[PDB]
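S.K.: This is the structure, below, for whatever I ask next.
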Amino acid sequence: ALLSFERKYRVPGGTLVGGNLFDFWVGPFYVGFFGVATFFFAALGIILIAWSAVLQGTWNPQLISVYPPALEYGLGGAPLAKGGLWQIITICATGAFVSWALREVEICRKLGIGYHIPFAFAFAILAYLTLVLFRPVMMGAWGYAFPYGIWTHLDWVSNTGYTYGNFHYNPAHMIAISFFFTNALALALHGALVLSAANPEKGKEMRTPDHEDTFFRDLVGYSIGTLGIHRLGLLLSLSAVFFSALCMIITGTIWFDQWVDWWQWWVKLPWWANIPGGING
Amino acid sequence: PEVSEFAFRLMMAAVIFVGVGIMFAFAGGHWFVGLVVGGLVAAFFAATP
Amino acid sequence: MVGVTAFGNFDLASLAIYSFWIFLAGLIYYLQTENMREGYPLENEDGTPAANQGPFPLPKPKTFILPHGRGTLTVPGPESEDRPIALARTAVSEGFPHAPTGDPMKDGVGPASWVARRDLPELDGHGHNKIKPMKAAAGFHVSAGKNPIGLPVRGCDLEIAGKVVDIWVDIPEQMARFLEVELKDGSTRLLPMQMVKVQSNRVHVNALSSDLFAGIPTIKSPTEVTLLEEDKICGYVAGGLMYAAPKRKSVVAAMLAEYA
Amino acid sequence: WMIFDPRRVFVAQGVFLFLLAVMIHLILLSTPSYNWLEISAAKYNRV
Amino acid sequence: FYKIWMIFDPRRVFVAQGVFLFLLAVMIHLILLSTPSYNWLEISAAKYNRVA
Amino acid sequence: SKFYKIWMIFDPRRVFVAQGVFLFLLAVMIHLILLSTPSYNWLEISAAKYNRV
Amino acid sequence: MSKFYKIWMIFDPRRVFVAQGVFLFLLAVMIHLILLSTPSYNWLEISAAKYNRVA
Amino acid sequence: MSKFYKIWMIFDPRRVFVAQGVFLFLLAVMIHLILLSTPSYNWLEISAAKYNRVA
Amino acid sequence: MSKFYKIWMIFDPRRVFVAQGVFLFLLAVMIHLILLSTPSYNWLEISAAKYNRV
Amino acid sequence: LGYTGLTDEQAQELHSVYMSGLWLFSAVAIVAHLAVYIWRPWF
Amino acid sequence: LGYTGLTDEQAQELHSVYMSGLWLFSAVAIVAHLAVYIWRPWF
Amino acid sequence: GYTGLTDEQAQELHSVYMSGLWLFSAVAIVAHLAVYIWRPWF
Amino acid sequence: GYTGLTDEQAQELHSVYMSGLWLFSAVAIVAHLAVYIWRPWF
Amino acid sequence: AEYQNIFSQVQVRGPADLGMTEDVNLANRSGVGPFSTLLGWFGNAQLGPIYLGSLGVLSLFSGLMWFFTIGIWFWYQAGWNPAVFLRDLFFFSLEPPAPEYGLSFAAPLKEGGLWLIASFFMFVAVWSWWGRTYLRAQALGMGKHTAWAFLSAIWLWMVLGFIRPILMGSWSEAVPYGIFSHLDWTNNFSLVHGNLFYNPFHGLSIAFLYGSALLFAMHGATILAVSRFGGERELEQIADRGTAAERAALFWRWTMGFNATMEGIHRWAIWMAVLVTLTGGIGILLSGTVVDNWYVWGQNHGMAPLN
Ligand code: BCL
Ligand SMILES: CC[C@H]1c2cc3[nH]c4c(c3C)C(=O)[C@H](C(=O)OC)c4c3nc(cc4[nH]c(cc(n2)[C@@H]1C)c(C(C)=O)c4C)[C@@H](C)[C@@H]3CCC(=O)OC/C=C(\C)CCC[C@H](C)CCC[C@H](C)CCCC(C)C
Ligand SMILES: COC(C)(C)C/C=C/C(C)=C/C=C/C(C)=C/C=C/C(C)=C/C=C/C=C(C)/C=C/C=C(\C)CC/C=C(\C)CCC=C(C)C
Ligand SMILES: COC(C)(C)C/C=C/C(C)=C/C=C/C(C)=C/C=C/C(C)=C/C=C/C=C(C)/C=C/C=C(\C)CC/C=C(\C)CCC=C(C)C
Ligand SMILES: COC(C)(C)C/C=C/C(C)=C/C=C/C(C)=C/C=C/C(C)=C/C=C/C=C(C)/C=C/C=C(\C)CC/C=C(\C)CCC=C(C)C
Ligand SMILES: COC(C)(C)C/C=C/C(C)=C/C=C/C(C)=C/C=C/C(C)=C/C=C\C=C(C)\C=C\C=C(/C)CC/C=C(\C)CCC=C(C)C
Ligand SMILES: [Fe+2]
């Protein structure tokens, strides 16, 4: 149940809460206090999603949907069959995510590595809380959050996007999309480059980081370096999530019209607004 | 309480950006000029702390 | 072919989605088997092979031809620690921590662990040493940022433990890797650049207290550092984070220990 | 002065004083009252 | 008042002063042009009946 | 006057490249401004003068 | 004007020639496309109207 | 053509030949596509109308 | 034309042959596709109309 | 010269073989164009 | 002079072959343009 | 001399380059005269 | 000197540069005069 | 706070690295460019040298011509006015031919022909760049993984611009050139085919794009966490497994029950990124050709409530 090198790393300590009360492993998983919390919240959320499937009347996993309370309920509680289950599952999900991050903190402390992984997960948790907690609270209703269904939260995304015309024109959305695309491109390039260095042409020696830098300089004239590429990947993903959270937190709170109407400000600058010709003239 | 040269420089750059942006947006006919001037000043100040 | 179904609602789109589910299952199998090339077969907490080995079997071995005539590496293959592990079982049942028998930072266990790698320097593409002191690196110099050479080195206990004498740089990457620090006794240790915070006046090392700086493993050659020495130094410094905690003078830690 | 770096203190003080002065001037210009340019134009029949 | 040069780098202060002076001059000129009054271009245009 | 010593400060290669790029960009911008205006658009002027429409 | 040859002592002839070739081709393409865009001087459309190529 | 041969003293023949081939192919395709774009000189449509290939 | 063989003294035959093959295939596909795309010279549709397949 | 290391005799032989292949290809293309022009002229 | 390493004789021979090819290409292009202009003038 | 070529080499290169430039300008002037005769733009 | 050129070298470089600038200015002035005759803008 | 290794706290600069010479023709490689202190704070400061080969020259010429064609069309749409050009830069568009022309190349130059010219230039540029990636890998003896990942990206690009317009029998199906114009094309493509969200392959493409973001966040965070053990030198960890690779593997094993290797994580990375464009190309190819309304298709396949 242990890797060939895991034995020397399984030592007491690093726990945030509980000392040695939960300082143990179940199979490969390290439990800890926050692991106990994460498992409880996850099991409760999954069982409540199954129960909401029972209440809804469908067992098809793609049709299972846990809708938030309707806008009539505001930010208060709702009956479980009509929005309260969504609130409980949201609380369970937030608890599970935060417990997962803190369990990762405990594992980082035990292994003596930096806290970059829980810190990066905190960004995803913040984007989730923007979608389910911060934005609905700012707008004043839990019905502005998305349902917990495989294809119904896509309906939420579609309706929220088309509320503001074409959502492509949200500028923070544009920045987040560019970050996402660049992150996917950089991940493809990085995986491919490391694999090409480590799996060269058959019968040839394994390559070195010098070969990787030479390849990318001969390709695009610049090489960011191994440390550089890993920093870039982390920053691209985190910036994408940060700007998506920003785009959703400004939408419906400080912006209410179509976003192309936002883009009209550049067109109507005084020195070229009235010039005929072009597209907006 | 442990701010270094870069951190304090960036905080002051942000304050200068916001202030100059508001000031020039009020001065100019649009907020674009203020935003651009404030951003450029902040970037120049933070480039060489 | 809009609406052309072979049977039921199964059309070209359904064919594509099911074939992709099959392909994704196969790809996950392939990726997991590729990931199973290190750390396997699984072992018990005593060392013997475990009864459970996982649903995914071991992949057929593959050989890497190491550069610069460093031999070959076949994975998966017979791998052992090749070092005594100073840990004692804290419970007969599996899944519990192993307590260090002596000083874990000296024993190299826990967060202070290190791996018995090749006792040879890491080489660049041309065959020269990858990491070299900046004095022995032709033309290398500090280009930007605060120069750490000459600054005092402060431990986690807020006590000066030496001064920075030289910077060890990675010649291909052209980035600093290790700071050479002279202690009070005149000997020199290495500190990973990722574990030191170069401030305006001093270099702060939150991982190690001052008295632990002497315990850092030394390099057998003043001009080159091997992979084994790098691993030992990095393991010692990082394990200082969890094992020099009593000596660390953090205010939040002091307040928490006040109520704990 | 002992706790804080003199350069940072002076930079912050100067920036804050300039920002406050320009903010007060702009507040005066915005409001119809105490707006010197507008009252000067009205008095001399500029507009 | 000369001791302020004992604490601050003269080159940085001079560069910042030049940028600040140019920014303030541009701001004042833009404020003057913003209002219909004192906008010397518009004032000259209306005075000489440019728009005919 | 003694302007030649400006080359003791400015690298001739970078200065010449920047000057060439700037001159070409400025000339193209001015020509495009002239083309944009209905007057000085010599193609349109010749079309109207010789009845090319 | 007699000392213009000295420009080759500052600029590498290969880079200058490559840049000049690219520049001249781009300029010629730009001018030709400007002429094509205008209804006048669009020599293809002019010849079509002159010889009644309209179908 | 007095002393143009000296250009080969400056430019590698392989690079120049590759660049010239790429340039000529791209230019030829561009011109043919421009001709196909214009309703006149679109030889396929010209032949279609000439022999009444479209009903 | 008698001195053209000297191009092989300059150009590597492997890369020249590969580039020529790729270019010729791409050009042939391009021209056949252009012919197919036009209502005339679409030999399939021409044969369909001629023999009244439709 | 001598970038590829080929000799004048070898280069001339290779050029002869290449030109033979080119003439075969061009002959087939010319036959094809004659057949298409007879079937459907484009001029 | 030394950028390419060719001699004056080699450069002259290369330029002669290149100009022969260029003149052949230009002759074919001129014939093509004459044929197009006769078939459909563009002026 | 950043390029490094001698003055004689620079002189010869400039002579050849200016010859090519004058040939190019002669062709351009002939073309412009032909276009102006065909369709003047002034 | 950031470039390291001698006084005579820099002087010669600037002399030929100014010759080029004066030629460019002369051509620009001729073009502007031709345009102003053809279509004045004042 | 401690040093998070996000930005280098000190820069060292030495001789410019000219790169390896496995089988690369050094004549075609340019000289080293300037060192950027700003870039050095994050990665390598060295710019260049770049390899300018035959395929590199072809790709650069074709891409320059594509960019210049789009720019000249934009200048025409601006009335040659620099102010209008800057005002409406994102609103200009080089639209494909109208549907009446089908796939024919007879569309007028200002009504679709220029789009065809620009598309030919882009096609040649992209494919020559793919050949360039393949040959740059081949000259150094490295594997062709970059070539195949780029081939996945090219597959999506070809489906969007070439294959799907051919299967639909109209160039009007292709993507216009322009910022907001191609955004509008994306939106209209979703609307016409009935809520592309219900495309299962679009859903998979989004799953793998989110997985790419998640996996690059995880991998960058892991390598930055273990960089104190020299974890950034990943090829070394593949050849000689240090404590960095072991600590990363144990972190992920204790967190989620399974881990990767220092090499296998990059297989995960390349496949997670490749499947984005692979599933995306398949989903776009199916739209219109096989499924004309994805919401009705989802209803018939139990993905939507009604039916
Ligand atoms: C209203 C809009 C519609 C919609 C319509 C579409 C359409 C239409 C498409 C997508 C596609 C995608 N969509 Mg969707 N999409 C919507 C909502 C979403 C949401 C969301 C949260 O709501 C998300 C996350 C996504 C996510 C995604 C991606 C997974 C996918 C694109 C992959 C990619 O990288 O493409 C971008 C990458 C490329 C196009 C590859 C480019 C490769 C070439 C080689 C690059 C050449 C570069 C060129 C030469 C320039 C060089 C510059 C120089 C180097 C300087 N969509 C809604 C429902 N979406 C695509 C897809 O595959 O769908 C199945 C697609 O075509
Ligand atoms: C910030 C950059 C990206 C990021 C980063 C990131 N995510 C991370 C990490 C990091 C660095 C981890 O360390 C951690 C991890 O361990 O990954 C393997 C995690 C993680 N990222 C995850 C997924 C994930 N990340 C996503 C996104 C991203 N993660 C960002 C793009 C997405 C999407 C949609 O984009 C998903 C699905 C998990 C694999 C893992 C967190 C595991 C976890 O929290 O487990 C406990 C929770 C459960 C087991 C869920 C069931 C129990 C819950 C109580 C019920 C929740 C129901 C849910 C609300 C229903 C939603 C249904 C949908 C159809 C609507
Ligand atoms: C918004 O405001 C509006 C637009 C309404 C009105 C504008 C208002 C404002 C704020 C305007 C601002 C104006 C300003 C600040 C103008 C400043 C002008 C300056 C500073 C001009 C200076 C010019 C100097 C020149 C051109 C010097 C040229 C020098 C040479 C040609 C010779 C150089 C060569 C040398 C020194 C040789 C080198 C010597 C040695 C020994 C090496
Ligand atoms: C859009 O524009 C359209 C398409 C409408 C119009 C098209 C325009 C354009 C740009 C058209 C382009 C036309 C061109 C440039 C065509 C070029 C054709 C050529 C050059 C064809 C060459 C063919 C040659 C062949 C097939 C040669 C074959 C050779 C062999 C089979 C033998 C090779 C083997 C050898 C030499 C072995 C000997 C080896 C040793 C060692 C002696
Ligand atoms: C938008 O604008 C439109 C498209 C409307 C109008 C277009 C305007 C423009 C900008 C047009 C541009 C035209 C230009 C610049 C055309 C240039 C044409 C040239 C310079 C063509 C040169 C062709 C040369 C050829 C075909 C040479 C062939 C040579 C050979 C076959 C022999 C090669 C073998 C050798 C040299 C043997 C090697 C020798 C030794 C001693 C080893
Ligand atoms: C101002 O300075 C100047 C004018 C000099 C330069 C400025 C240039 C500017 C302003 C450039 C602007 C460029 C922009 C905005 C480009 C936008 C591109 C976008 C957003 C593209 C998006 C999608 C494109 C796709 C999917 C393209 C797909 C194309 C293909 C798959 C190739 C299709 C190939 C075809 C049709 C070949 C047909 C031809 C033949 C001969 C068979
Ligand atoms: Fe990596």
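For the structure tokens, the naming scheme is as follows: chains receive sequential letters (A, B, ...) according to their order of presentation, residues are indexed from 1 within each chain, and ligands are indexed from 1 in presentation order.
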Using only C-alpha atoms and all ligand atoms, what are the residues with an atom within 8 Å of ligand 3, set out as JSON, numbers by chain?

M.R.: {"E": [22, 23, 24, 25, 26, 27, 28, 29, 30, 33], "F": [2, 3, 4, 5, 6, 7, 8, 9], "M": [1]}

S.K.: Produce the least-squares-superposed copy of chain L, fitted on chain M over all in-order C-alpha pairs, as a compact mmCIF listing (two decimals) with N, CA, C and O atoms, in the first residue's frame.

M.R.:
# COMPACT_ATOMS: atom_id res chain seq x y z
N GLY L 1 32.03 59.06 -24.78
CA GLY L 1 31.76 58.45 -26.06
C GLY L 1 31.29 57.01 -25.96
O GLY L 1 32.09 56.08 -26.00
N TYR L 2 29.97 56.83 -25.83
CA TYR L 2 29.41 55.49 -25.74
C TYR L 2 29.57 54.72 -27.04
O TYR L 2 29.81 53.51 -27.03
N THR L 3 29.43 55.41 -28.18
CA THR L 3 29.55 54.73 -29.47
C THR L 3 30.96 54.20 -29.69
O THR L 3 31.15 53.07 -30.15
N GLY L 4 31.97 55.00 -29.36
CA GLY L 4 33.35 54.61 -29.49
C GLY L 4 34.06 55.14 -30.72
O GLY L 4 35.29 55.14 -30.75
N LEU L 5 33.32 55.60 -31.72
CA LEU L 5 33.95 56.13 -32.92
C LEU L 5 34.66 57.45 -32.61
O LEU L 5 34.28 58.20 -31.71
N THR L 6 35.73 57.71 -33.37
CA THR L 6 36.53 58.90 -33.15
C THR L 6 35.79 60.15 -33.62
O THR L 6 34.75 60.08 -34.27
N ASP L 7 36.34 61.31 -33.26
CA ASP L 7 35.73 62.57 -33.64
C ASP L 7 35.79 62.79 -35.15
O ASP L 7 34.86 63.36 -35.73
N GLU L 8 36.87 62.38 -35.80
CA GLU L 8 36.94 62.50 -37.25
C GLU L 8 35.90 61.63 -37.93
O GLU L 8 35.24 62.06 -38.88
N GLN L 9 35.73 60.40 -37.44
CA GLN L 9 34.70 59.52 -37.99
C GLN L 9 33.31 60.10 -37.77
O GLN L 9 32.47 60.07 -38.67
N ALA L 10 33.05 60.64 -36.58
CA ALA L 10 31.76 61.26 -36.31
C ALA L 10 31.53 62.46 -37.21
O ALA L 10 30.42 62.66 -37.72
N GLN L 11 32.57 63.27 -37.43
CA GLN L 11 32.44 64.43 -38.29
C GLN L 11 32.12 64.03 -39.72
O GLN L 11 31.23 64.60 -40.36
N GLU L 12 32.83 63.02 -40.24
CA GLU L 12 32.56 62.56 -41.60
C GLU L 12 31.17 61.95 -41.72
O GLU L 12 30.46 62.20 -42.71
N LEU L 13 30.78 61.13 -40.74
CA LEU L 13 29.45 60.53 -40.77
C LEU L 13 28.37 61.59 -40.73
O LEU L 13 27.38 61.51 -41.46
N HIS L 14 28.55 62.61 -39.89
CA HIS L 14 27.56 63.68 -39.82
C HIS L 14 27.53 64.48 -41.12
O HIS L 14 26.47 64.93 -41.54
N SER L 15 28.69 64.67 -41.75
CA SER L 15 28.70 65.38 -43.03
C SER L 15 27.91 64.62 -44.08
O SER L 15 27.06 65.19 -44.77
N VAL L 16 28.14 63.31 -44.19
CA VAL L 16 27.41 62.51 -45.17
C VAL L 16 25.93 62.47 -44.83
O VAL L 16 25.07 62.58 -45.71
N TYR L 17 25.60 62.31 -43.55
CA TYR L 17 24.20 62.25 -43.13
C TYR L 17 23.49 63.56 -43.42
O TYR L 17 22.34 63.55 -43.87
N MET L 18 24.13 64.69 -43.15
CA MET L 18 23.50 65.97 -43.41
C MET L 18 23.37 66.22 -44.90
O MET L 18 22.40 66.84 -45.34
N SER L 19 24.33 65.75 -45.70
CA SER L 19 24.18 65.85 -47.15
C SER L 19 22.95 65.07 -47.61
O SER L 19 22.15 65.56 -48.41
N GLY L 20 22.79 63.84 -47.10
CA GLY L 20 21.62 63.06 -47.45
C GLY L 20 20.33 63.70 -46.96
O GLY L 20 19.31 63.69 -47.66
N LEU L 21 20.36 64.28 -45.76
CA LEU L 21 19.19 64.96 -45.22
C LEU L 21 18.82 66.18 -46.06
O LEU L 21 17.64 66.44 -46.29
N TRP L 22 19.81 66.94 -46.52
CA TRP L 22 19.51 68.09 -47.36
C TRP L 22 18.99 67.67 -48.72
O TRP L 22 18.12 68.33 -49.29
N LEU L 23 19.50 66.56 -49.27
CA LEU L 23 18.94 66.05 -50.51
C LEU L 23 17.49 65.63 -50.32
O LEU L 23 16.61 65.95 -51.14
N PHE L 24 17.21 64.91 -49.23
CA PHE L 24 15.85 64.48 -48.93
C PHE L 24 14.93 65.68 -48.73
O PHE L 24 13.80 65.69 -49.24
N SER L 25 15.40 66.70 -48.02
CA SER L 25 14.60 67.89 -47.79
C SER L 25 14.39 68.68 -49.08
O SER L 25 13.33 69.28 -49.27
N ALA L 26 15.38 68.71 -49.96
CA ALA L 26 15.21 69.37 -51.24
C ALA L 26 14.13 68.68 -52.07
O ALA L 26 13.26 69.34 -52.65
N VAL L 27 14.16 67.35 -52.11
CA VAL L 27 13.13 66.62 -52.84
C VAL L 27 11.76 66.85 -52.20
O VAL L 27 10.76 67.03 -52.89
N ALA L 28 11.71 66.85 -50.86
CA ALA L 28 10.44 67.07 -50.18
C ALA L 28 9.90 68.47 -50.45
O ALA L 28 8.69 68.64 -50.63
N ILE L 29 10.77 69.47 -50.48
CA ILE L 29 10.33 70.84 -50.75
C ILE L 29 9.85 70.97 -52.19
O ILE L 29 8.85 71.64 -52.46
N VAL L 30 10.55 70.33 -53.13
CA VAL L 30 10.08 70.35 -54.51
C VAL L 30 8.71 69.70 -54.62
O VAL L 30 7.80 70.22 -55.28
N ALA L 31 8.53 68.56 -53.95
CA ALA L 31 7.24 67.87 -53.98
C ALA L 31 6.14 68.72 -53.36
O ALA L 31 5.02 68.78 -53.87
N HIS L 32 6.44 69.37 -52.23
CA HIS L 32 5.44 70.22 -51.58
C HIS L 32 5.09 71.42 -52.44
O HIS L 32 3.93 71.82 -52.50
N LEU L 33 6.08 72.02 -53.10
CA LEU L 33 5.80 73.12 -54.01
C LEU L 33 4.91 72.66 -55.15
O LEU L 33 3.95 73.35 -55.53
N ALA L 34 5.19 71.48 -55.71
CA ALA L 34 4.36 70.95 -56.78
C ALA L 34 2.93 70.71 -56.31
O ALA L 34 1.98 71.04 -57.02
N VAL L 35 2.77 70.13 -55.12
CA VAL L 35 1.43 69.87 -54.61
C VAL L 35 0.69 71.17 -54.33
O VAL L 35 -0.50 71.30 -54.63
N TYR L 36 1.39 72.16 -53.77
CA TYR L 36 0.76 73.44 -53.46
C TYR L 36 0.33 74.16 -54.73
O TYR L 36 -0.74 74.79 -54.77
N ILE L 37 1.14 74.08 -55.78
CA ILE L 37 0.73 74.62 -57.07
C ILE L 37 -0.49 73.86 -57.59
O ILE L 37 -1.44 74.46 -58.11
N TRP L 38 -0.47 72.54 -57.46
CA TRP L 38 -1.59 71.72 -57.92
C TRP L 38 -2.81 71.91 -57.04
O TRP L 38 -3.92 72.11 -57.54
N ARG L 39 -2.63 71.87 -55.72
CA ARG L 39 -3.73 72.07 -54.77
C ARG L 39 -3.17 72.67 -53.50
O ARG L 39 -2.64 71.94 -52.64
N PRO L 40 -3.25 73.98 -53.33
CA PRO L 40 -2.78 74.59 -52.08
C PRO L 40 -3.66 74.19 -50.91
O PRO L 40 -4.86 73.95 -51.06
N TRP L 41 -3.04 74.11 -49.73
CA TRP L 41 -3.76 73.78 -48.51
C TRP L 41 -3.82 74.96 -47.54
O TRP L 41 -4.11 74.77 -46.36
N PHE L 42 -3.56 76.16 -48.03
CA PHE L 42 -3.64 77.36 -47.22
C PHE L 42 -4.45 78.44 -47.92
O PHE L 42 -4.65 78.39 -49.14

S.K.: Taking only C-alpha atoms into account, report as a PDB file with C-alpha atoms, in the first residue's frame which residues of chain K lie within 12 Å of chain G.

M.R.:
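As a result, part-v7.pdb now contains:
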ATOM      1  CA  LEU K   1      33.156  39.316 -50.614  1.00  0.00           C
ATOM      2  CA  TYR K   3      30.052  36.524 -46.723  1.00  0.00           C
ATOM      3  CA  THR K   4      29.324  33.590 -49.043  1.00  0.00           C
ATOM      4  CA  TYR K  37      -3.895  39.796 -74.226  1.00  0.00           C
ATOM      5  CA  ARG K  40      -8.701  39.082 -73.708  1.00  0.00           C
ATOM      6  CA  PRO K  41      -6.868  42.426 -73.558  1.00  0.00           C
ATOM      7  CA  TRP K  42      -6.812  44.231 -70.222  1.00  0.00           C
ATOM      8  CA  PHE K  43      -6.241  47.760 -71.530  1.00  0.00           C
TER       9      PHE K  43
END

S.K.: Which residues of chain G sit at most 6 Å from chain L, using only C-alpha atoms? Give each one's shortest atom pair and distance in Å (one decimal place), in chain and ascending residue order, as JSON lines.

M.R.:
{"residue": "G:5", "atom": "CA", "partner": "L:14", "partner_atom": "CA", "distance": 5.1}
{"residue": "G:8", "atom": "CA", "partner": "L:10", "partner_atom": "CA", "distance": 5.7}
{"residue": "G:9", "atom": "CA", "partner": "L:3", "partner_atom": "CA", "distance": 5.0}
{"residue": "G:10", "atom": "CA", "partner": "L:2", "partner_atom": "CA", "distance": 5.1}
{"residue": "G:12", "atom": "CA", "partner": "L:3", "partner_atom": "CA", "distance": 5.5}

S.K.: Assign secondary structure with DSSP using the backbone only, and return the residues of chain E in alpha helix (DSSP H) as an NGL selection string.

M.R.: :E and (10-34 or 40-47)

S.K.: Based on the selection just made, write C-alpha atoms of those residues as a PDB file, in the first residue's frame.

M.R.:
ATOM      1  CA  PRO E  10      18.684  63.666  -7.419  1.00  0.00           C
ATOM      2  CA  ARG E  11      18.187  61.881 -10.747  1.00  0.00           C
ATOM      3  CA  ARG E  12      15.018  60.077  -9.647  1.00  0.00           C
ATOM      4  CA  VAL E  13      13.634  63.258  -8.084  1.00  0.00           C
ATOM      5  CA  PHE E  14      14.368  65.275 -11.223  1.00  0.00           C
ATOM      6  CA  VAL E  15      12.727  62.685 -13.493  1.00  0.00           C
ATOM      7  CA  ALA E  16       9.657  62.495 -11.253  1.00  0.00           C
ATOM      8  CA  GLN E  17       9.517  66.300 -11.086  1.00  0.00           C
ATOM      9  CA  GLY E  18       9.660  66.607 -14.866  1.00  0.00           C
ATOM     10  CA  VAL E  19       6.897  64.043 -15.326  1.00  0.00           C
ATOM     11  CA  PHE E  20       4.774  65.702 -12.631  1.00  0.00           C
ATOM     12  CA  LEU E  21       5.246  69.182 -14.114  1.00  0.00           C
ATOM     13  CA  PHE E  22       4.357  67.997 -17.620  1.00  0.00           C
ATOM     14  CA  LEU E  23       1.322  66.158 -16.238  1.00  0.00           C
ATOM     15  CA  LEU E  24       0.148  69.228 -14.307  1.00  0.00           C
ATOM     16  CA  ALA E  25       0.622  71.527 -17.303  1.00  0.00           C
ATOM     17  CA  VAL E  26      -1.325  69.144 -19.543  1.00  0.00           C
ATOM     18  CA  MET E  27      -4.043  68.873 -16.895  1.00  0.00           C
ATOM     19  CA  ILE E  28      -4.413  72.652 -16.611  1.00  0.00           C
ATOM     20  CA  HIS E  29      -4.486  73.120 -20.391  1.00  0.00           C
ATOM     21  CA  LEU E  30      -7.112  70.376 -20.727  1.00  0.00           C
ATOM     22  CA  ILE E  31      -9.224  71.916 -17.956  1.00  0.00           C
ATOM     23  CA  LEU E  32      -9.061  75.284 -19.711  1.00  0.00           C
ATOM     24  CA  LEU E  33     -10.089  73.734 -23.031  1.00  0.00           C
ATOM     25  CA  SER E  34     -12.886  71.698 -21.414  1.00  0.00           C
ATOM     26  CA  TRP E  40      -9.044  79.884 -26.938  1.00  0.00           C
ATOM     27  CA  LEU E  41      -9.694  77.840 -30.084  1.00  0.00           C
ATOM     28  CA  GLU E  42     -13.473  78.017 -29.652  1.00  0.00           C
ATOM     29  CA  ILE E  43     -13.286  81.626 -28.451  1.00  0.00           C
ATOM     30  CA  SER E  44     -11.352  82.668 -31.559  1.00  0.00           C
ATOM     31  CA  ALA E  45     -13.693  80.622 -33.764  1.00  0.00           C
ATOM     32  CA  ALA E  46     -16.799  82.319 -32.365  1.00  0.00           C
ATOM     33  CA  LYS E  47     -15.157  85.754 -32.371  1.00  0.00           C
TER      34      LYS E  47
END

S.K.: Which residues are close to stretch 23-25 of chain B, i.e. within 8 Å by only C-alpha atoms, leaving aside same-chain residues fewer than 2 positions away? Reply as a PyMOL selection string.

M.R.: (chain B and resi 19-21+27-35+37) or (chain D and resi 22-23+26) or (chain E and resi 27)

S.K.: List every residue of chain N that has an atom at most 12 Å from any atom of ligand 5, giving for each one its closest atom pair and the distance in Å to one decimal, counting only C-alpha atoms and all ligand atoms, sorted by chain and then by ascending residue number, as JSON lines.

M.R.:
{"residue": "N:65", "atom": "CA", "partner": "ligand 5", "partner_atom_place_in_ligand_line": "1 (C)", "distance": 10.3}
{"residue": "N:68", "atom": "CA", "partner": "ligand 5", "partner_atom_place_in_ligand_line": "1 (C)", "distance": 10.6}
{"residue": "N:69", "atom": "CA", "partner": "ligand 5", "partner_atom_place_in_ligand_line": "1 (C)", "distance": 9.0}
{"residue": "N:72", "atom": "CA", "partner": "ligand 5", "partner_atom_place_in_ligand_line": "1 (C)", "distance": 10.1}
{"residue": "N:73", "atom": "CA", "partner": "ligand 5", "partner_atom_place_in_ligand_line": "1 (C)", "distance": 11.7}
{"residue": "N:109", "atom": "CA", "partner": "ligand 5", "partner_atom_place_in_ligand_line": "5 (C)", "distance": 11.1}
{"residue": "N:114", "atom": "CA", "partner": "ligand 5", "partner_atom_place_in_ligand_line": "1 (C)", "distance": 10.4}
{"residue": "N:117", "atom": "CA", "partner": "ligand 5", "partner_atom_place_in_ligand_line": "1 (C)", "distance": 10.4}
{"residue": "N:118", "atom": "CA", "partner": "ligand 5", "partner_atom_place_in_ligand_line": "1 (C)", "distance": 11.8}
